[PDB]
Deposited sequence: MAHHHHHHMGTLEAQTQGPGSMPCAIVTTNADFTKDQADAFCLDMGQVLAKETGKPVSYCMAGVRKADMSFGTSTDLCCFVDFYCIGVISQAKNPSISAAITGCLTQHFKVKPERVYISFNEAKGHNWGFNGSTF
């Protein structure tokens, strides 16, 4: 529980788009962990980033839980893809349990 997903991305998003993403990401971490939505934190922050030999769209995710896993990965990645259009092969997730 106390689940939290902080995303670092080079996507071009407006603030309102980031807010929509975070709220949605919060409901996704809720379903995925069964803790209530009221305890889920999500953040997105911009960064200049490369992955391989290009600066094409990519994302790094820090996931935190106080405490069986590719369930969370597909869920977090699909959320990223739905909001920023990032290819899943350009999304790294760090589990900090």
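Q: Quick one: where does the model skip the deposited sequence?
A: Unmodelled stretches, in sequence order: 1 to 20, 88 to 92, 123 to 135.
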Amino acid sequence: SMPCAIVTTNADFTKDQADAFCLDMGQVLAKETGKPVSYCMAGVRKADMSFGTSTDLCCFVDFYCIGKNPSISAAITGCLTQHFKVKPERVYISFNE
From here on, numbers count along this sequence of modelled residues.
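Q: Using only C-alpha atoms and the B-factors in the entry, which stretch averages higher, 12 to 20 or 84 to 92?
A: Comparing 12 to 20 with 84 to 92, the higher average CA B-factor belongs to 84 to 92.
Q: Is the mean CA B factor in the deposited entry higher across 29 to 37 or across 55 to 63?
A: Between 29 to 37 and 55 to 63, it is 29 to 37.
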